[PDB]
Amino acid sequence: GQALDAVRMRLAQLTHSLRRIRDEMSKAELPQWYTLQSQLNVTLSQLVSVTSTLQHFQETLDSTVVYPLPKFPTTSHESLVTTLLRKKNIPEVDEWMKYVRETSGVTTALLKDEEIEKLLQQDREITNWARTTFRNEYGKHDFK
Amino acid sequence: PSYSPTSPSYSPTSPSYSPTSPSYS
Amino acid sequence: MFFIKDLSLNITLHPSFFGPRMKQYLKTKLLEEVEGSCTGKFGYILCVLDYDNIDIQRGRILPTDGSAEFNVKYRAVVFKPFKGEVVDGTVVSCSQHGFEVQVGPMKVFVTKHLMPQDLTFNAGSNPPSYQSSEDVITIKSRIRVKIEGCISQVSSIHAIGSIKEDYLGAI
Amino acid sequence: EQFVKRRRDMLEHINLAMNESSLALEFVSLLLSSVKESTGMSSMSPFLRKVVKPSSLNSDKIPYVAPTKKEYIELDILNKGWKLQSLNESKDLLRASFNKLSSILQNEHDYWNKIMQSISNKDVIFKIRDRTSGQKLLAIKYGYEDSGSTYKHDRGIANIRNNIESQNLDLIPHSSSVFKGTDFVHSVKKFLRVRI
Amino acid sequence: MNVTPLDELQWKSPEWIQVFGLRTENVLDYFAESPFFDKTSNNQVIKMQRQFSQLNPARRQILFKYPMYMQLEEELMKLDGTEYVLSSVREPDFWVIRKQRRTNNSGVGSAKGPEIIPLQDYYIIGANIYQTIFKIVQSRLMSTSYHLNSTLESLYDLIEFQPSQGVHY
Amino acid sequence: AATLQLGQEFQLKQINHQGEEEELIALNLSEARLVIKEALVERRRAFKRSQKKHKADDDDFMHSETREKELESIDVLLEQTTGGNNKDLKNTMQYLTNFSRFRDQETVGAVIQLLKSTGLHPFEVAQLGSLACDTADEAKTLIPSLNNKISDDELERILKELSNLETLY
Amino acid sequence: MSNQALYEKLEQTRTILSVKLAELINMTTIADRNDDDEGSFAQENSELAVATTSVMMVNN
């Protein structure tokens, strides 16, 4: 419950920041650019913190089993229950996902040790080489 | 205390995207 | 410790300021005399709220000199500690007898008898500091001090604190 | 009108983004309310408070699914796939940003060079704040005030304006702020005539 | 081959409710023909055993309320494995089952009874059936992030810069 | 105030100029710094309005990029609002700025909500807002009032959440 | 004055260098790394949150 409580408070403050940026964008007059940048950066880093904390406590969230209250009446609140207990993406995200699979050529249910595995090994090395090259370039010139 | 509670942001107008397919017997 | 309190003051206005703009002179006098002061009854006077909402009272011309005295009430944020208070602060100066920690606008001193022996004075370090197995305390190091006593004068309040027990030192 | 259209579009987009985010808080506020009522009361919306007494979320235990090669390698190569797409979009967005920046930036170097090679030295120069605009503009003192003249009516101050249409430089005096047009030269051109 | 996740899978059987109707007596009978009911579960084995024999907080409340539920224990205690049992019922529209698997560890040194372990969540709402909240939260957050990205790229397109003023609109 | 001995001058119940009892108000470094900054900028705006009466730029002060820029804006504010005759105010403001745990108003509100949701004493709440403790026992020893009054799990949760809430500089 | 401008350009240059190195490492190991050894520290625990953090890096 502690992990979900932290999840709750952080998500609540994130929603509060979203409400903030909303009611300062809803004005007919746009404020100064700098205030918009500050709000954007704060809210966006807060979203990063949300993602990181959600990532930290995956096990507590997975262990929890959802069950309706005995006192909660489903006969009158079935619409509210079905609003919360359904969780599919917006279609423009699933069609974006399908277009991304098609554009990249990636598909992840039949892959085996032949050509794609030699390509996978031949990719690791470019990253390491580029990292070392830029470390060398940084070391070449004194930046202090 | 609590500076301000959150405004109710319910969206009942959201149509939902529940896939329905296993109806035929 | 920061708190909101209701304060009053008696201010004497010179006869040469007797004109239609007397409220402005009273406001300037109040702001210039009260803000930043220290009173042993209420600690340092940090700030005054609702400047536009200053309360005023009718004048009462003194029978001896002609200066008009006014009673002004307001609400102010002030700082004052209590016995047994624990506060974080910044090390100011290092000495062999102990150290001095600035907390808010005040100074709390700790004597070497008031820390555990694990903290040893190092003078060869630049700056000289207190070094232990886990905690190192020096300039600009956040240090928690448990205030034990306070001495109040007209313009300032000094404090003496101890860190003799556990969970004290560098954070 | 396109600005209004795009502003409405981004408003409705952010509203759609926040509508789904609200439900996350709605579902997750229940646990503390179940554990501690008083702290949890404020978390939920008033409508959800009216819906039911909140004790909804209670702790429960479920075991972790037995792992195998089957889903982690597919997941991590699918994530490689999504991050290769983010790299692609990264390169494309950076290229577009740099193209826009290069085009605009070379435009202001064009105007900058025009300004630099259009200005001569000439007289005593400062920055002043315009009464109507409020910004800083270059001004030149041309008047005989320092030369010994006692004429107090005019200060001999002319503001420098870079002509947008002709890409040239013009001088606008302080006193004659009524004539706003291209016929200023002939309208203000006065002279002294002696007839015998 | 694209498969719809079973968590969102919803079955409707109008013919069964028209013929028999919704009741706790035949709620398991209603569930039997669903895809979620595994044919390898010991419940089906008990069903064929019964057929052959014929041919030849609220947990304690629902425990004591029905005798067929009793018969369910005295026919299920002998067989250990994946089994389907009722969780709770509120009439006349809401039923939920309890999806648990049993391992009757009768080894020496364990004074506890058979081990009961959850496997899945199933909710019978009306004539419909419903089956992770982590996925819901991450999906909502990612769609929100996509919309925010679209809005911010549009706003940055609207942005215009001049050296002598800064950035304006 | 180890034993919550606040005396008559700082009683929990305060009598205001309106004659109604109020809860004693305690502010940590962040709340006090934000309040004094708001008061100073409001006074500067009032002074400018008065000067315009006798005869845009203010948005950059409240939003500071860095600590050094915030300190420079603070110095300008003191020069234009205080007159430079009050060194104690400058020292207090510098101490607030250097050791402000939280810079944004929303995060400070989050900290206030987290600390005062349990209904603890305002002294303890302000102390917790001022002090960042790694472990619950550390805070309990350094705050003797918190002993016997808050469960260790709750204090640990609050401290961890507050440490997570700290905005990176 | 001019010394303040010197210092400001100093953090300007170092921030360029640091963000350059950051975007370099992010895009190079944008291909997520799976290593059985405990020494490696690369976590991708939630599916689409990864792409969100990626576009985070891009926008920053």
# chains A, B, ... in the order shown; residues from 1 in each chain; ligands from 1
>>> interface_residues(of="chain D", to="chain E", cutoff="7 Å", atoms="only C-alpha atoms", output="list in words")
residues 10, 13, 14, 17, 18, 20, 21, 24 and 62 of chain D
>>> write_last_selection(atoms="C-alpha atoms", output="PDB file, in the first residue's frame")
ATOM      1  CA  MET D  10      -4.089  22.273 -29.029  1.00  0.00           C
ATOM      2  CA  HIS D  13      -5.715  17.921 -27.604  1.00  0.00           C
ATOM      3  CA  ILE D  14      -4.536  18.796 -24.091  1.00  0.00           C
ATOM      4  CA  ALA D  17      -4.686  14.112 -22.846  1.00  0.00           C
ATOM      5  CA  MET D  18      -5.814  15.146 -19.356  1.00  0.00           C
ATOM      6  CA  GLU D  20      -7.470   9.893 -19.446  1.00  0.00           C
ATOM      7  CA  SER D  21      -4.880  11.098 -16.882  1.00  0.00           C
ATOM      8  CA  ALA D  24      -5.498   7.253 -13.028  1.00  0.00           C
ATOM      9  CA  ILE D  62      -0.691 -12.504  -6.593  1.00  0.00           C
TER      10      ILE D  62
END
>>> residues_around(residues="residue 107 (chain F)", least_positions_apart="5", cutoff="9 Å", atoms="only C-alpha atoms", output="list in words")
residues 13 of chain A; 102, 112, 165, 166 and 167 of chain F
>>> interface_residues(of="chain D", to="chain G", cutoff="10 Å", atoms="only C-alpha atoms", output="list in words")
residues 72, 73, 75, 76, 77, 78, 79, 80, 81, 82, 83, 84, 85, 86, 87, 88, 89, 90, 91, 93 and 94 of chain D
>>> residues_around(residues="residue 111 (chain F)", least_positions_apart="2", cutoff="12 Å", atoms="only C-alpha atoms", output="PyMOL selection string")
(chain A and resi 9-10+13) or (chain B and resi 1-3) or (chain F and resi 27-28+30-31+101-109+113-117+125-132+158-167)
>>> interface_residues(of="chain A", to="chain B", cutoff="10 Å", atoms="only C-alpha atoms", output="CSV table (one decimal) with C-alpha atoms, in the first residue's frame")
chain,number,residue,atom,x,y,z
A,12,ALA,CA,-2.1,13.8,-7.8
A,13,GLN,CA,0.5,16.5,-7.9
A,15,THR,CA,-2.7,16.2,-12.3
A,16,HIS,CA,-2.6,19.4,-10.3
A,19,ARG,CA,-4.8,21.6,-14.2
A,79,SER,CA,-21.4,2.6,-16.0
A,80,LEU,CA,-18.9,4.2,-13.6
A,82,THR,CA,-17.0,0.0,-16.7
A,83,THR,CA,-15.5,3.5,-17.2
A,86,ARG,CA,-11.5,-0.7,-19.3
A,87,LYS,CA,-8.0,0.3,-20.4
A,88,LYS,CA,-7.4,0.1,-24.2
A,89,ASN,CA,-5.3,2.9,-25.9
A,90,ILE,CA,-6.9,5.6,-28.1
A,91,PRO,CA,-7.1,4.2,-31.7
>>> residues_around(residues="region 7-19 of chain G", least_positions_apart="5", cutoff="10 Å", atoms="only C-alpha atoms", output="list in words")
residues 138, 143 and 144 of chain A; 2, 24, 25, 57 and 60 of chain G
>>> residues_around(residues="residue 1 (chain C)", least_positions_apart="2", cutoff="6 Å", atoms="only C-alpha atoms", output="PyMOL selection string")
chain C and resi 79-81
>>> closest_residue(among="C:129, C:11, C:57, C:98", to="residue 33 (chain C)", atoms="only C-alpha atoms")
C:11
>>> interface_residues(of="chain D", to="chain B", cutoff="12 Å", atoms="only C-alpha atoms", output="list in words")
residues 15, 16, 17, 18, 19, 20, 21, 22, 23, 24, 25, 26, 27, 29, 39, 40, 41, 42, 43, 44, 45, 46, 47, 48 and 49 of chain D
>>> select_by_dssp(residues="region 20-190 of chain D", states="strand (DSSP E or B)", output="PyMOL selection string")
chain D and resi 124-129+136-141+157-162+169-173
>>> closest_atom_pairs(of="chain A", to="chain E", cutoff="9 Å", atoms="only C-alpha atoms", output="Markdown table")
| residue | atom | partner | partner_atom | distance |
| --- | --- | --- | --- | --- |
| A:30 | CA | E:169 | CA | 8.8 |
| A:32 | CA | E:168 | CA | 8.2 |
| A:33 | CA | E:167 | CA | 6.9 |
| A:40 | CA | E:152 | CA | 9.0 |
| A:47 | CA | E:141 | CA | 8.6 |
| A:51 | CA | E:138 | CA | 8.4 |
| A:54 | CA | E:134 | CA | 8.4 |
| A:58 | CA | E:134 | CA | 7.7 |
| A:61 | CA | E:134 | CA | 6.6 |
| A:62 | CA | E:134 | CA | 7.2 |
| A:65 | CA | E:121 | CA | 7.8 |
| A:66 | CA | E:121 | CA | 7.7 |
| A:67 | CA | E:121 | CA | 8.3 |
| A:70 | CA | E:58 | CA | 8.1 |
| A:73 | CA | E:90 | CA | 8.8 |
| A:74 | CA | E:94 | CA | 7.0 |
| A:75 | CA | E:93 | CA | 6.9 |
| A:78 | CA | E:125 | CA | 8.0 |
| A:85 | CA | E:133 | CA | 8.3 |
| A:86 | CA | E:8 | CA | 7.3 |
| A:87 | CA | E:136 | CA | 4.8 |
| A:88 | CA | E:136 | CA | 7.3 |
| A:89 | CA | E:139 | CA | 5.9 |
| A:90 | CA | E:143 | CA | 7.2 |
| A:93 | CA | E:143 | CA | 6.9 |
>>> interface_residues(of="chain F", to="chain G", cutoff="12 Å", atoms="only C-alpha atoms", output="list in words")
residues 66, 68, 69 and 72 of chain F
>>> write_last_selection(atoms="N, CA, C and O atoms", output="CSV table (one decimal), in the first residue's frame")
chain,number,residue,atom,x,y,z
F,66,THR,N,18.1,30.1,-12.4
F,66,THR,CA,19.1,29.5,-11.5
F,66,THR,C,19.1,30.1,-10.1
F,66,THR,O,18.4,31.1,-9.9
F,68,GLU,N,21.8,31.6,-8.8
F,68,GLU,CA,22.5,32.8,-8.9
F,68,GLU,C,21.7,33.9,-9.5
F,68,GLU,O,21.7,35.1,-9.0
F,69,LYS,N,20.9,33.6,-10.5
F,69,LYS,CA,20.0,34.6,-11.1
F,69,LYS,C,18.9,35.0,-10.1
F,69,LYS,O,18.5,36.1,-10.0
F,72,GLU,N,20.5,37.4,-7.7
F,72,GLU,CA,20.6,38.7,-8.3
F,72,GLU,C,19.3,39.4,-8.3
F,72,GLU,O,19.2,40.6,-8.0
>>> residues_around(residues="residue 88 (chain F)", least_positions_apart="6", cutoff="9 Å", atoms="only C-alpha atoms", output="PyMOL selection string")
chain C and resi 36-37+46+105
>>> write_last_selection(atoms="N, CA and C atoms", output="short mmCIF file (atom, residue, chain, number, x, y, z; two decimals), in the first residue's frame")
data_model
loop_
_atom_site.label_atom_id
_atom_site.label_comp_id
_atom_site.auth_asym_id
_atom_site.auth_seq_id
_atom_site.Cartn_x
_atom_site.Cartn_y
_atom_site.Cartn_z
N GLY C 36 12.85 44.52 10.21
CA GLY C 36 14.21 44.12 10.51
C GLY C 36 14.63 44.29 11.95
N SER C 37 13.77 44.80 12.82
CA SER C 37 14.12 45.00 14.21
C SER C 37 14.03 43.69 14.99
N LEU C 46 10.70 40.06 11.24
CA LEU C 46 11.12 39.72 9.89
C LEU C 46 10.34 40.51 8.84
N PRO C 105 18.25 34.38 11.21
CA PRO C 105 19.10 35.54 11.50
C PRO C 105 19.91 35.45 12.79
#
>>> atom_distance(atom1="CA of residue 51 (chain D)", atom2="CA of residue 30 (chain D)")
12.7 Å
>>> interface_residues(of="chain E", to="chain B", cutoff="8 Å", atoms="only C-alpha atoms", output="PyMOL selection string")
chain E and resi 4+8-13
>>> interface_residues(of="chain C", to="chain F", cutoff="7 Å", atoms="only C-alpha atoms", output="ChimeraX atom specification")
/C:2-4,6,36,46,82-86,88,104-105,167
>>> atom_distance(atom1="CA of residue 115 (chain E)", atom2="CA of residue 30 (chain E)")
27.4 Å
>>> atom_distance(atom1="CA of residue 20 (chain A)", atom2="CA of residue 67 (chain F)")
23.9 Å
>>> select_by_dssp(residues="chain C", states="alpha helix (DSSP H)", output="number ranges by chain")
C: 22-34
>>> write_last_selection(atoms="N, CA and C atoms", output="mmCIF file, in the first residue's frame")
data_model
loop_
_atom_site.group_PDB
_atom_site.id
_atom_site.type_symbol
_atom_site.label_atom_id
_atom_site.label_comp_id
_atom_site.auth_asym_id
_atom_site.auth_seq_id
_atom_site.Cartn_x
_atom_site.Cartn_y
_atom_site.Cartn_z
ATOM 1 N N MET C 22 -0.210 63.082 5.887
ATOM 2 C CA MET C 22 0.316 62.514 7.125
ATOM 3 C C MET C 22 0.302 60.990 7.107
ATOM 4 N N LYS C 23 -0.687 60.384 6.441
ATOM 5 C CA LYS C 23 -0.740 58.926 6.374
ATOM 6 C C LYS C 23 0.484 58.360 5.670
ATOM 7 N N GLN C 24 0.938 59.024 4.609
ATOM 8 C CA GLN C 24 2.139 58.569 3.910
ATOM 9 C C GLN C 24 3.358 58.625 4.822
ATOM 10 N N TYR C 25 3.499 59.710 5.590
ATOM 11 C CA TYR C 25 4.625 59.817 6.510
ATOM 12 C C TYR C 25 4.557 58.753 7.594
ATOM 13 N N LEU C 26 3.355 58.471 8.102
ATOM 14 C CA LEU C 26 3.213 57.409 9.095
ATOM 15 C C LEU C 26 3.597 56.053 8.518
ATOM 16 N N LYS C 27 3.167 55.768 7.290
ATOM 17 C CA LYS C 27 3.521 54.499 6.668
ATOM 18 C C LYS C 27 5.028 54.385 6.464
ATOM 19 N N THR C 28 5.664 55.460 5.994
ATOM 20 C CA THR C 28 7.113 55.433 5.812
ATOM 21 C C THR C 28 7.828 55.236 7.144
ATOM 22 N N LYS C 29 7.377 55.931 8.188
ATOM 23 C CA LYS C 29 7.982 55.778 9.510
ATOM 24 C C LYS C 29 7.851 54.344 10.011
ATOM 25 N N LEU C 30 6.659 53.757 9.872
ATOM 26 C CA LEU C 30 6.448 52.384 10.317
ATOM 27 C C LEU C 30 7.361 51.423 9.575
ATOM 28 N N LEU C 31 7.392 51.517 8.242
ATOM 29 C CA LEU C 31 8.215 50.606 7.458
ATOM 30 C C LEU C 31 9.696 50.777 7.769
ATOM 31 N N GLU C 32 10.148 52.018 7.949
ATOM 32 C CA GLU C 32 11.560 52.279 8.178
ATOM 33 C C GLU C 32 12.004 51.933 9.595
ATOM 34 N N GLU C 33 11.102 51.950 10.573
ATOM 35 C CA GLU C 33 11.494 51.662 11.947
ATOM 36 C C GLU C 33 11.265 50.213 12.361
ATOM 37 N N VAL C 34 10.192 49.579 11.897
ATOM 38 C CA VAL C 34 9.806 48.272 12.427
ATOM 39 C C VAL C 34 10.519 47.133 11.711
#
